>>> print(open('my_file.csv').read())   # CSV, N, CA and C atoms
chain,number,residue,atom,x,y,z
G,1,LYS,N,26.5,-38.6,5.4
G,1,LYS,CA,25.3,-38.2,4.7
G,1,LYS,C,24.8,-36.8,5.2
G,2,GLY,N,25.2,-36.3,6.3
G,2,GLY,CA,24.6,-35.1,6.9
G,2,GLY,C,23.3,-35.5,7.6
G,3,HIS,N,22.8,-34.6,8.5
G,3,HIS,CA,21.5,-34.8,9.1
G,3,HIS,C,20.5,-34.0,8.4
G,4,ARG,N,19.2,-34.3,8.7
G,4,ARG,CA,18.1,-33.8,7.9
G,4,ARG,C,17.9,-32.3,7.9
G,5,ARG,N,18.5,-31.6,8.9
G,5,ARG,CA,18.3,-30.2,9.3
G,5,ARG,C,17.1,-30.2,10.2
G,6,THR,N,16.4,-31.3,10.5
G,6,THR,CA,15.3,-31.3,11.5
G,6,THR,C,15.9,-31.6,12.8
G,7,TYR,N,16.9,-32.4,12.9
G,7,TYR,CA,17.5,-32.7,14.2
G,7,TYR,C,18.3,-31.5,14.8
G,8,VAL,N,18.4,-31.5,16.1
G,8,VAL,CA,19.1,-30.4,16.8
G,8,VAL,C,20.6,-30.5,16.3
G,9,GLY,N,21.1,-29.3,15.9
G,9,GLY,CA,22.5,-29.3,15.6
G,9,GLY,C,22.9,-29.9,14.3
G,10,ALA,N,22.0,-30.2,13.4
G,10,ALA,CA,22.3,-30.9,12.2
G,10,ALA,C,23.2,-30.0,11.3
G,11,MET,N,24.2,-30.7,10.7
G,11,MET,CA,25.2,-30.1,9.8
G,11,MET,C,25.4,-31.0,8.6
G,12,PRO,N,25.8,-30.4,7.5
G,12,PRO,CA,26.0,-31.2,6.3
G,12,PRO,C,27.1,-32.2,6.5
G,13,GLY,N,26.9,-33.4,5.9
G,13,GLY,CA,27.9,-34.5,6.0
G,13,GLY,C,29.3,-34.0,5.7
G,14,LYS,N,30.3,-34.8,6.0
G,14,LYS,CA,31.7,-34.4,5.9
G,14,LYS,C,32.1,-33.9,4.5
G,15,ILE,N,31.6,-34.5,3.5
G,15,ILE,CA,32.1,-34.1,2.2
G,15,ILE,C,31.8,-32.7,1.8
G,16,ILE,N,30.7,-32.1,2.3
G,16,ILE,CA,30.4,-30.8,1.9
G,16,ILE,C,31.4,-29.8,2.5
G,17,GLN,N,31.9,-30.0,3.7
G,17,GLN,CA,32.9,-29.1,4.3
G,17,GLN,C,34.1,-29.0,3.3
G,18,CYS,N,34.6,-30.1,2.9
G,18,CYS,CA,35.7,-30.0,2.0
G,18,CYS,C,35.4,-29.4,0.6
G,19,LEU,N,34.1,-29.7,0.2
G,19,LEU,CA,33.7,-29.1,-1.1
G,19,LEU,C,33.7,-27.6,-0.9
G,20,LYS,N,33.4,-27.1,0.3
G,20,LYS,CA,33.5,-25.6,0.5
G,20,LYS,C,35.0,-25.2,0.6
G,21,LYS,N,35.8,-25.9,1.4
G,21,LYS,CA,37.1,-25.5,1.7
G,21,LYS,C,38.0,-25.4,0.5
G,22,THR,N,37.9,-26.5,-0.3
G,22,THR,CA,38.7,-26.5,-1.5
G,22,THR,C,38.3,-25.5,-2.5
G,23,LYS,N,37.0,-25.0,-2.4
G,23,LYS,CA,36.4,-24.0,-3.3
G,23,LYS,C,36.5,-24.5,-4.8
G,24,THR,N,36.3,-25.8,-4.9
G,24,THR,CA,36.4,-26.4,-6.2
G,24,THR,C,35.6,-27.7,-6.2
G,25,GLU,N,35.5,-28.3,-7.3
G,25,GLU,CA,34.8,-29.6,-7.5
G,25,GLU,C,35.7,-30.8,-7.8
G,26,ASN,N,37.0,-30.6,-7.8
G,26,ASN,CA,38.0,-31.6,-8.1
G,26,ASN,C,39.0,-31.5,-7.0
G,27,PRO,N,38.7,-31.8,-5.7
G,27,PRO,CA,39.7,-32.1,-4.7
G,27,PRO,C,40.3,-33.4,-4.9
G,28,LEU,N,41.5,-33.6,-4.3
G,28,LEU,CA,42.0,-34.9,-4.1
G,28,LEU,C,41.6,-35.5,-2.7
G,29,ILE,N,40.3,-35.7,-2.6
G,29,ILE,CA,39.8,-36.2,-1.3
G,29,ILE,C,40.5,-37.6,-1.1
G,30,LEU,N,40.8,-37.9,0.2
G,30,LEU,CA,41.6,-39.0,0.6
G,30,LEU,C,41.0,-39.6,1.8
G,31,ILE,N,40.6,-40.9,1.6
G,31,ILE,CA,40.2,-41.6,2.8
G,31,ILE,C,41.5,-42.0,3.5
G,32,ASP,N,41.4,-42.3,4.8
G,32,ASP,CA,42.6,-42.6,5.6
G,32,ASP,C,42.3,-43.8,6.5
G,33,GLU,N,43.3,-44.6,6.7
G,33,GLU,CA,43.2,-45.8,7.7
G,33,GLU,C,41.9,-46.6,7.5
G,34,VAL,N,41.8,-47.2,6.3
G,34,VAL,CA,40.6,-47.8,5.9
G,34,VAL,C,40.5,-49.3,6.4
G,35,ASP,N,41.5,-49.8,7.0
G,35,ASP,CA,41.5,-51.2,7.4
G,35,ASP,C,40.3,-51.5,8.4
G,36,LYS,N,39.9,-50.6,9.2
G,36,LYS,CA,39.1,-50.8,10.4
G,36,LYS,C,37.8,-50.0,10.4
G,37,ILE,N,37.0,-50.0,9.3
G,37,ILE,CA,35.7,-49.5,9.4
G,37,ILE,C,34.8,-50.7,9.6
G,38,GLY,N,33.6,-50.5,10.2
G,38,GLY,CA,32.6,-51.5,10.3
G,38,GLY,C,31.9,-51.4,11.7
G,39,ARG,N,30.9,-52.3,11.9
G,39,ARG,CA,30.3,-52.5,13.2
G,39,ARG,C,29.7,-51.2,13.7
G,40,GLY,N,29.0,-50.4,12.8
G,40,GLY,CA,28.4,-49.2,13.2
G,40,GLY,C,27.0,-49.4,13.8
G,41,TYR,N,26.4,-48.2,14.2
G,41,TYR,CA,25.1,-48.2,14.8
G,41,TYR,C,24.0,-48.8,13.8
G,42,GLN,N,24.3,-48.7,12.5
G,42,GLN,CA,23.4,-49.3,11.5
G,42,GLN,C,24.0,-50.5,10.8
G,43,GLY,N,24.8,-51.3,11.6
G,43,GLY,CA,25.6,-52.4,11.0
G,43,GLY,C,27.0,-51.9,10.6
G,44,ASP,N,27.0,-51.2,9.5
G,44,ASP,CA,28.3,-50.5,9.1
G,44,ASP,C,28.0,-49.2,8.3
G,45,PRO,N,28.7,-48.1,8.5
G,45,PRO,CA,28.5,-47.0,7.6
G,45,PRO,C,29.0,-47.3,6.2
G,46,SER,N,29.9,-48.2,6.0
G,46,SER,CA,30.7,-48.3,4.8
G,46,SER,C,29.9,-48.5,3.5
G,47,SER,N,28.7,-49.1,3.6
G,47,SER,CA,27.9,-49.3,2.4
G,47,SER,C,27.6,-48.0,1.7
G,48,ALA,N,27.1,-47.0,2.5
G,48,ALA,CA,26.9,-45.7,1.8
G,48,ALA,C,28.2,-45.2,1.3
G,49,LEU,N,29.3,-45.4,1.9
G,49,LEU,CA,30.5,-44.9,1.3
G,49,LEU,C,30.7,-45.5,0.0
G,50,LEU,N,30.3,-46.8,-0.2
G,50,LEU,CA,30.5,-47.4,-1.5
G,50,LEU,C,29.6,-46.7,-2.5
R,1,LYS,N,18.2,-60.5,8.2
R,1,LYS,CA,16.8,-60.5,8.7
R,1,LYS,C,16.4,-59.2,9.4
R,2,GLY,N,17.4,-58.3,9.8
R,2,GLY,CA,17.0,-57.1,10.4
R,2,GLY,C,16.6,-57.3,11.9
R,3,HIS,N,16.0,-56.2,12.4
R,3,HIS,CA,15.6,-56.2,13.9
R,3,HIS,C,14.1,-55.7,14.0
R,4,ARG,N,13.7,-55.6,15.2
R,4,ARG,CA,12.3,-55.4,15.6
R,4,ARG,C,11.9,-53.9,15.4
R,5,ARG,N,12.8,-53.0,15.2
R,5,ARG,CA,12.5,-51.5,15.0
R,5,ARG,C,12.1,-50.8,16.3
R,6,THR,N,11.8,-51.5,17.4
R,6,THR,CA,11.8,-50.8,18.6
R,6,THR,C,13.2,-50.6,19.2
R,7,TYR,N,14.2,-51.2,18.6
R,7,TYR,CA,15.6,-50.9,18.9
R,7,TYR,C,16.0,-49.6,18.2
R,8,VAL,N,17.1,-49.1,18.7
R,8,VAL,CA,17.5,-47.7,18.2
R,8,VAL,C,18.0,-47.8,16.8
R,9,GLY,N,18.8,-48.7,16.4
R,9,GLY,CA,19.5,-48.7,15.2
R,9,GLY,C,19.0,-49.6,14.1
R,10,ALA,N,17.8,-50.1,14.3
R,10,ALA,CA,17.3,-51.2,13.4
R,10,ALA,C,17.3,-50.8,12.0
R,11,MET,N,17.8,-51.8,11.2
R,11,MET,CA,17.7,-51.7,9.7
R,11,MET,C,17.3,-53.0,9.2
R,12,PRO,N,16.6,-53.1,8.1
R,12,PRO,CA,16.2,-54.4,7.6
R,12,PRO,C,17.4,-55.2,7.1
R,13,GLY,N,17.4,-56.5,7.2
R,13,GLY,CA,18.4,-57.4,6.7
R,13,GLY,C,18.7,-57.1,5.3
R,14,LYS,N,19.9,-57.5,4.7
R,14,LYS,CA,20.5,-56.9,3.5
R,14,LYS,C,19.6,-56.9,2.3
R,15,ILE,N,18.7,-57.9,2.2
R,15,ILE,CA,17.9,-58.1,1.0
R,15,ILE,C,17.0,-56.9,0.8
R,16,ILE,N,16.4,-56.3,1.8
R,16,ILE,CA,15.5,-55.2,1.6
R,16,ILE,C,16.3,-54.0,1.1
R,17,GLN,N,17.6,-53.8,1.6
R,17,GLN,CA,18.3,-52.7,1.1
R,17,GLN,C,18.6,-52.9,-0.4
R,18,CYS,N,18.8,-54.1,-0.8
R,18,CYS,CA,18.9,-54.4,-2.2
R,18,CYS,C,17.6,-54.0,-3.0
R,19,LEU,N,16.5,-54.5,-2.5
R,19,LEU,CA,15.3,-54.2,-3.2
R,19,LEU,C,15.0,-52.7,-3.3
R,20,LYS,N,15.4,-52.0,-2.2
R,20,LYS,CA,15.3,-50.5,-2.3
R,20,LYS,C,16.2,-50.0,-3.4
R,21,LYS,N,17.3,-50.7,-3.6
R,21,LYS,CA,18.3,-50.3,-4.6
R,21,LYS,C,17.8,-50.7,-6.0
R,22,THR,N,17.8,-52.0,-6.2
R,22,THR,CA,17.4,-52.5,-7.5
R,22,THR,C,15.9,-52.2,-7.7
R,23,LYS,N,15.6,-51.4,-8.7
R,23,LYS,CA,14.2,-51.0,-8.9
R,23,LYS,C,13.3,-52.2,-9.2
R,24,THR,N,13.8,-53.2,-9.9
R,24,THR,CA,12.9,-54.3,-10.3
R,24,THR,C,12.6,-55.1,-9.1
R,25,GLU,N,11.5,-55.8,-9.1
R,25,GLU,CA,11.1,-56.8,-8.1
R,25,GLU,C,11.8,-58.1,-8.3
R,26,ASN,N,12.4,-58.4,-9.4
R,26,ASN,CA,13.0,-59.7,-9.7
R,26,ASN,C,14.4,-59.5,-10.3
R,27,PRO,N,15.4,-59.1,-9.4
R,27,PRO,CA,16.7,-58.9,-9.9
R,27,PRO,C,17.5,-60.2,-9.7
R,28,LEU,N,18.8,-60.2,-10.0
R,28,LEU,CA,19.7,-61.3,-9.9
R,28,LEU,C,20.5,-61.2,-8.7
R,29,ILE,N,19.9,-61.5,-7.5
R,29,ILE,CA,20.7,-61.5,-6.3
R,29,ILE,C,21.8,-62.5,-6.4
R,30,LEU,N,23.0,-62.1,-5.9
R,30,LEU,CA,24.2,-62.8,-6.1
R,30,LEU,C,24.9,-62.9,-4.7
R,31,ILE,N,24.5,-63.8,-3.9
R,31,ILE,CA,25.2,-64.1,-2.7
R,31,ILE,C,26.5,-64.7,-3.1
R,32,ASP,N,27.6,-64.6,-2.3
R,32,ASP,CA,28.8,-65.3,-2.7
R,32,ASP,C,29.5,-65.7,-1.4
R,33,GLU,N,30.3,-66.8,-1.6
R,33,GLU,CA,31.0,-67.4,-0.5
R,33,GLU,C,30.1,-67.8,0.6
R,34,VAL,N,29.3,-68.8,0.3
R,34,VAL,CA,28.6,-69.6,1.3
R,34,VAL,C,29.5,-70.5,2.1
R,35,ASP,N,30.7,-70.8,1.5
R,35,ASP,CA,31.6,-71.8,2.0
R,35,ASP,C,32.0,-71.5,3.4
R,36,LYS,N,32.1,-70.3,3.8
R,36,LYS,CA,32.7,-69.8,5.1
R,36,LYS,C,31.8,-68.9,5.8
R,37,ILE,N,30.5,-69.3,5.8
R,37,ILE,CA,29.6,-68.6,6.7
R,37,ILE,C,30.0,-68.7,8.1
R,38,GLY,N,30.0,-67.5,8.8
R,38,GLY,CA,30.5,-67.5,10.2
R,38,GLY,C,29.5,-68.3,11.0
R,39,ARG,N,30.0,-69.3,11.8
R,39,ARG,CA,29.1,-70.2,12.6
R,39,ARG,C,29.6,-70.5,14.0
R,40,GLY,N,30.6,-69.8,14.5
R,40,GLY,CA,31.1,-70.0,15.8
R,40,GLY,C,30.2,-69.4,16.9
R,41,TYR,N,29.5,-68.3,16.6
R,41,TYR,CA,28.7,-67.7,17.5
R,41,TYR,C,27.5,-68.6,17.9
R,42,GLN,N,27.1,-68.5,19.2
R,42,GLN,CA,26.0,-69.2,19.7
R,42,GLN,C,24.8,-68.8,18.8
R,43,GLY,N,24.2,-69.9,18.2
R,43,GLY,CA,23.2,-69.6,17.2
R,43,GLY,C,23.8,-69.4,15.9
R,44,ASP,N,23.4,-70.2,14.9
R,44,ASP,CA,24.1,-70.3,13.6
R,44,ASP,C,23.3,-69.5,12.6
R,45,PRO,N,23.8,-68.5,11.9
R,45,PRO,CA,23.0,-67.8,10.9
R,45,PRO,C,22.6,-68.6,9.8
R,46,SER,N,23.3,-69.7,9.5
R,46,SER,CA,23.0,-70.6,8.4
R,46,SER,C,21.5,-71.0,8.5
R,47,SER,N,21.0,-71.3,9.7
R,47,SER,CA,19.6,-71.6,9.9
R,47,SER,C,18.7,-70.5,9.3
R,48,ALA,N,19.1,-69.3,9.7
R,48,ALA,CA,18.3,-68.1,9.1
R,48,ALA,C,18.3,-68.1,7.6
R,49,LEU,N,19.5,-68.4,7.1
R,49,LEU,CA,19.6,-68.3,5.6
R,49,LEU,C,18.8,-69.4,5.0
R,50,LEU,N,18.6,-70.6,5.6
R,50,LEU,CA,17.9,-71.7,5.1
R,50,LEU,C,16.5,-71.2,4.7
>>> encode(input="my_file.csv", output="structure tokens")
Amino acid sequence: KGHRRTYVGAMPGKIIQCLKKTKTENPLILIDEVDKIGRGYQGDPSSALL
Amino acid sequence: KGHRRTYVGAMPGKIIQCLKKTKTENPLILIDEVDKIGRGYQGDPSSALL
């Protein structure tokens, strides 16, 4: 999701980097090794990824 | 049910995330697979669900 820009060192969430790097709006973004997400600091990140 | 919010990562139990999502106050919550609620851990979440 990126940080608010209020926190020290805040940077845009991971997707924005690729949206810059590919210089396009239709990358073939690829999730990798999905079997083992869960049990995050907020329960799980995965919900927002849904 | 969530946590006390004096903890670092506290988030409300799943229902309130739903209510934040579903704009209506009376949506069609759909829990599924009550049959295999995890209950080996000391303290049974079933009680909370009751």
>>> closest_atom_pairs(input="my_file.csv", of="chain R", to="chain G", cutoff="8 Å", atoms="all atoms listed in the file", output="CSV")
residue,atom,partner,partner_atom,distance
R:8,C,G:41,C,6.8
R:9,CA,G:41,C,4.7
R:10,C,G:42,CA,6.3
R:11,N,G:42,CA,6.1
>>> write_last_selection(input="my_file.csv", atoms="N, CA and C atoms", output="PDB file, in the frame of the given file")
ATOM      1  N   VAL R   8      17.100 -49.100  18.700  1.00  0.00           N
ATOM      2  CA  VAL R   8      17.500 -47.700  18.200  1.00  0.00           C
ATOM      3  C   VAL R   8      18.000 -47.800  16.800  1.00  0.00           C
ATOM      4  N   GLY R   9      18.800 -48.700  16.400  1.00  0.00           N
ATOM      5  CA  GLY R   9      19.500 -48.700  15.200  1.00  0.00           C
ATOM      6  C   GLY R   9      19.000 -49.600  14.100  1.00  0.00           C
ATOM      7  N   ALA R  10      17.800 -50.100  14.300  1.00  0.00           N
ATOM      8  CA  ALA R  10      17.300 -51.200  13.400  1.00  0.00           C
ATOM      9  C   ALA R  10      17.300 -50.800  12.000  1.00  0.00           C
ATOM     10  N   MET R  11      17.800 -51.800  11.200  1.00  0.00           N
ATOM     11  CA  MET R  11      17.700 -51.700   9.700  1.00  0.00           C
ATOM     12  C   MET R  11      17.300 -53.000   9.200  1.00  0.00           C
TER      13      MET R  11
END
>>> calpha_fit_and_write(input="my_file.csv", fixed="chain G", moving="chain R", output="CSV table (one decimal) with N, CA and C atoms, keeping the file's coordinate frame")
chain,number,residue,atom,x,y,z
R,1,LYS,N,27.2,-38.4,5.4
R,1,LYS,CA,25.9,-38.1,4.7
R,1,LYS,C,25.1,-37.0,5.4
R,2,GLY,N,25.4,-36.5,6.7
R,2,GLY,CA,24.7,-35.5,7.2
R,2,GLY,C,23.3,-36.0,7.7
R,3,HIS,N,22.5,-34.9,8.0
R,3,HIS,CA,21.1,-35.2,8.6
R,3,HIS,C,20.0,-34.3,7.8
R,4,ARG,N,18.8,-34.5,8.3
R,4,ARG,CA,17.6,-34.0,7.6
R,4,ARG,C,17.5,-32.4,7.8
R,5,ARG,N,18.2,-31.8,8.7
R,5,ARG,CA,18.1,-30.3,8.9
R,5,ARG,C,16.9,-29.9,9.7
R,6,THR,N,15.8,-30.7,9.8
R,6,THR,CA,14.9,-30.4,10.8
R,6,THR,C,15.3,-30.8,12.2
R,7,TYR,N,16.4,-31.5,12.3
R,7,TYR,CA,17.1,-31.7,13.6
R,7,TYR,C,17.9,-30.5,14.0
R,8,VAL,N,18.2,-30.5,15.3
R,8,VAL,CA,18.8,-29.2,15.9
R,8,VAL,C,20.2,-29.0,15.4
R,9,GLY,N,21.0,-30.0,15.3
R,9,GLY,CA,22.4,-29.9,15.2
R,9,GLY,C,22.9,-30.2,13.8
R,10,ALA,N,22.0,-30.4,12.9
R,10,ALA,CA,22.4,-31.0,11.5
R,10,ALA,C,23.5,-30.3,10.9
R,11,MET,N,24.4,-31.1,10.4
R,11,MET,CA,25.5,-30.6,9.5
R,11,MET,C,25.7,-31.5,8.4
R,12,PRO,N,26.1,-31.1,7.2
R,12,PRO,CA,26.2,-32.0,6.1
R,12,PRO,C,27.4,-33.0,6.4
R,13,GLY,N,27.4,-34.2,5.9
R,13,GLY,CA,28.4,-35.2,6.0
R,13,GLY,C,29.7,-34.6,5.5
R,14,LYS,N,30.9,-35.2,5.8
R,14,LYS,CA,32.2,-34.5,5.8
R,14,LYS,C,32.6,-33.9,4.5
R,15,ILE,N,32.1,-34.5,3.4
R,15,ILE,CA,32.5,-34.1,2.0
R,15,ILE,C,32.0,-32.7,1.8
R,16,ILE,N,30.9,-32.2,2.1
R,16,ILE,CA,30.4,-30.9,1.8
R,16,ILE,C,31.3,-29.9,2.6
R,17,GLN,N,31.7,-30.2,3.9
R,17,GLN,CA,32.5,-29.3,4.5
R,17,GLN,C,33.9,-29.2,3.8
R,18,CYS,N,34.4,-30.2,3.2
R,18,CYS,CA,35.5,-30.1,2.4
R,18,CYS,C,35.3,-29.2,1.2
R,19,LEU,N,34.2,-29.4,0.5
R,19,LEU,CA,34.0,-28.6,-0.7
R,19,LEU,C,33.8,-27.1,-0.3
R,20,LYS,N,33.2,-26.9,0.9
R,20,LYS,CA,33.2,-25.5,1.3
R,20,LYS,C,34.6,-25.0,1.5
R,21,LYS,N,35.5,-25.9,1.9
R,21,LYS,CA,36.9,-25.5,2.2
R,21,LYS,C,37.6,-25.4,0.9
R,22,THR,N,37.8,-26.5,0.3
R,22,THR,CA,38.6,-26.5,-1.0
R,22,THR,C,37.8,-25.7,-2.0
R,23,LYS,N,38.3,-24.6,-2.5
R,23,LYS,CA,37.6,-23.8,-3.5
R,23,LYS,C,37.3,-24.5,-4.8
R,24,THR,N,38.1,-25.4,-5.2
R,24,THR,CA,37.9,-26.0,-6.5
R,24,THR,C,36.8,-27.0,-6.4
R,25,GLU,N,36.1,-27.3,-7.4
R,25,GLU,CA,35.1,-28.4,-7.5
R,25,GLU,C,35.7,-29.7,-7.7
R,26,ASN,N,37.0,-29.9,-8.0
R,26,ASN,CA,37.6,-31.2,-8.3
R,26,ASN,C,39.0,-31.2,-7.5
R,27,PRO,N,38.9,-31.4,-6.2
R,27,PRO,CA,40.1,-31.5,-5.4
R,27,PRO,C,40.5,-33.0,-5.3
R,28,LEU,N,41.6,-33.3,-4.5
R,28,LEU,CA,42.1,-34.6,-4.3
R,28,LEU,C,41.7,-35.1,-3.0
R,29,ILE,N,40.4,-35.5,-2.8
R,29,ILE,CA,40.0,-36.0,-1.6
R,29,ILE,C,40.8,-37.3,-1.3
R,30,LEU,N,41.2,-37.4,0.0
R,30,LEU,CA,42.1,-38.3,0.5
R,30,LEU,C,41.5,-39.0,1.8
R,31,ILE,N,40.6,-39.9,1.6
R,31,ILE,CA,40.1,-40.7,2.7
R,31,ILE,C,41.3,-41.6,3.1
R,32,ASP,N,41.4,-42.0,4.4
R,32,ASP,CA,42.5,-42.9,4.7
R,32,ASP,C,41.9,-43.8,5.8
R,33,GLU,N,42.6,-45.0,5.8
R,33,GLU,CA,42.2,-46.1,6.7
R,33,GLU,C,40.8,-46.5,6.5
R,34,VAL,N,40.6,-47.1,5.4
R,34,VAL,CA,39.4,-47.9,5.2
R,34,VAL,C,39.4,-49.2,5.9
R,35,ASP,N,40.6,-49.7,6.3
R,35,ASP,CA,40.8,-51.0,6.8
R,35,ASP,C,40.0,-51.2,8.0
R,36,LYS,N,39.7,-50.2,8.8
R,36,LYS,CA,39.1,-50.3,10.2
R,36,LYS,C,37.9,-49.4,10.3
R,37,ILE,N,37.1,-49.4,9.2
R,37,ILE,CA,35.8,-48.7,9.4
R,37,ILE,C,35.0,-49.3,10.4
R,38,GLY,N,34.4,-48.4,11.3
R,38,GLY,CA,33.7,-49.0,12.5
R,38,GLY,C,32.5,-49.6,11.9
R,39,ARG,N,32.2,-50.9,12.3
R,39,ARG,CA,31.0,-51.7,11.8
R,39,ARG,C,30.3,-52.5,12.8
R,40,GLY,N,30.5,-52.3,14.1
R,40,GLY,CA,29.8,-53.0,15.1
R,40,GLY,C,28.4,-52.4,15.4
R,41,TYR,N,28.1,-51.1,15.2
R,41,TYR,CA,26.9,-50.6,15.4
R,41,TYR,C,25.9,-51.2,14.4
R,42,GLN,N,24.6,-51.3,14.9
R,42,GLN,CA,23.6,-51.8,14.1
R,42,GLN,C,23.5,-50.8,12.9
R,43,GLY,N,23.6,-51.5,11.7
R,43,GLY,CA,23.7,-50.6,10.5
R,43,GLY,C,25.1,-50.3,10.3
R,44,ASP,N,25.6,-50.6,9.1
R,44,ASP,CA,27.1,-50.6,8.8
R,44,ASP,C,27.3,-49.3,8.0
R,45,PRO,N,28.1,-48.4,8.3
R,45,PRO,CA,28.4,-47.2,7.5
R,45,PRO,C,29.0,-47.5,6.2
R,46,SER,N,29.7,-48.6,6.1
R,46,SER,CA,30.4,-49.1,4.9
R,46,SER,C,29.3,-49.0,3.7
R,47,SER,N,28.1,-49.5,3.9
R,47,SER,CA,27.1,-49.4,2.9
R,47,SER,C,26.9,-48.0,2.4
R,48,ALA,N,26.8,-47.1,3.4
R,48,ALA,CA,26.8,-45.6,3.0
R,48,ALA,C,27.9,-45.2,2.1
R,49,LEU,N,29.1,-45.7,2.5
R,49,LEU,CA,30.3,-45.2,1.8
R,49,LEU,C,30.3,-45.8,0.4
R,50,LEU,N,29.7,-47.0,0.1
R,50,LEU,CA,29.7,-47.7,-1.1
R,50,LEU,C,29.1,-46.7,-2.1
>>> residues_around(input="my_file.csv", residues="residue G:31", least_positions_apart="6", cutoff="12 Å", atoms="only C-alpha atoms", output="list in words")
residues 14, 15, 37, 46 and 49 of chain G
>>> atom_distance(input="my_file.csv", atom1="atom CA of residue G:2", atom2="atom CA of residue G:16")
8.8 Å
>>> atom_distance(input="my_file.csv", atom1="atom N of residue R:24", atom2="atom CA of residue G:47")
19.1 Å
>>> atom_distance(input="my_file.csv", atom1="atom N of residue R:17", atom2="atom C of residue R:1")
9.6 Å
>>> select_by_dssp(input="my_file.csv", residues="chain G", states="alpha helix (DSSP H)", output="PyMOL selection string")
chain G and resi 14-21+46-49
>>> decode(input="my_file.csv", residues="stretch 8-30 of chain G", atoms="C-alpha atoms", output="CSV table (one decimal), in the first residue's frame")
chain,number,residue,atom,x,y,z
G,8,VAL,CA,10.2,8.6,8.1
G,9,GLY,CA,11.5,7.1,4.9
G,10,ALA,CA,8.1,6.5,3.4
G,11,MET,CA,8.0,5.2,-0.2
G,12,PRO,CA,5.2,4.2,-2.5
G,13,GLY,CA,4.1,0.6,-2.3
G,14,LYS,CA,5.7,-2.0,-4.5
G,15,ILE,CA,3.3,-1.7,-7.4
G,16,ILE,CA,4.2,1.9,-8.2
G,17,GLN,CA,7.9,1.0,-8.8
G,18,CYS,CA,6.9,-1.4,-11.5
G,19,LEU,CA,4.4,1.0,-12.9
G,20,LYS,CA,7.3,3.4,-13.3
G,21,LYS,CA,9.8,0.8,-14.5
G,22,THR,CA,7.6,-0.7,-17.2
G,23,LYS,CA,6.7,2.8,-18.3
G,24,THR,CA,3.3,1.4,-19.2
G,25,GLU,CA,-0.1,0.5,-17.6
G,26,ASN,CA,-0.2,-3.1,-18.9
G,27,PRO,CA,2.7,-5.0,-17.3
G,28,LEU,CA,2.6,-8.7,-16.9
G,29,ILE,CA,3.0,-8.3,-13.1
G,30,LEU,CA,3.7,-11.7,-11.6
